[PDB]
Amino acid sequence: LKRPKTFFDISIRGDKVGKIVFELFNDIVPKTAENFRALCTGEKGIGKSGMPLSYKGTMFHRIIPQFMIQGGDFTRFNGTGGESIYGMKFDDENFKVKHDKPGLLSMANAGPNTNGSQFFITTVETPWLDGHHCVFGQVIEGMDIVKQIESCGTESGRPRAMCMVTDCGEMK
């Protein structure tokens, strides 16, 4: 099977800056790749939170230069929420893929088997994250836009400008 491809449309400080396109490692982590894929299309509908299972209109709420950019919180928009297509949380699937390069897409979590909808995109190699966060895809287009989002962050993770996924979906 092909690796699924998805996209974020991105605006920064209210300005359209282009598209990020991901490819998802459904050959390595099919449950984790599927969660992100279906959250890009919104096809599952309304979650246990009462809000759409969709990344549309979410923010990169935690941005740390020379580390990663993190988003996916579509229930509280601030990093305190989110929900997967499997429930509030789902298990770590495997750790086959290493955080050994920029542009990797990986699951944010609060410890083992606590994946939800939050994800991060690395901007450096992050080997200390290996074995703790499931890497499930990578940026194939728009790494510069990832850098433009990164440039709005701080050491504490607080954004200095609103970077938004204005639309998203699957490329098929």
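Numbering starts at 1 and runs along the sequence shown.
Sorting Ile69, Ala108, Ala33, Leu105 by the CA temperature factor given in the entry leaves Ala108 at the top. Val17: CA B factor lies in the highest third for its chain, per the PDB record.
Sort the chain's modelled residues by C-alpha temperature factor and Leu1 lands in the highest third, per the entry.
The PDB entry assigns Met171 a C-alpha temperature factor belonging to the highest third of its chain's modelled residues. Sort the chain's modelled residues by C-alpha temperature factor and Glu155 lands in the highest third, per the entry.
When the CA B factors of the chain's modelled residues are split into thirds, the value for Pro127 lands in the middle one.
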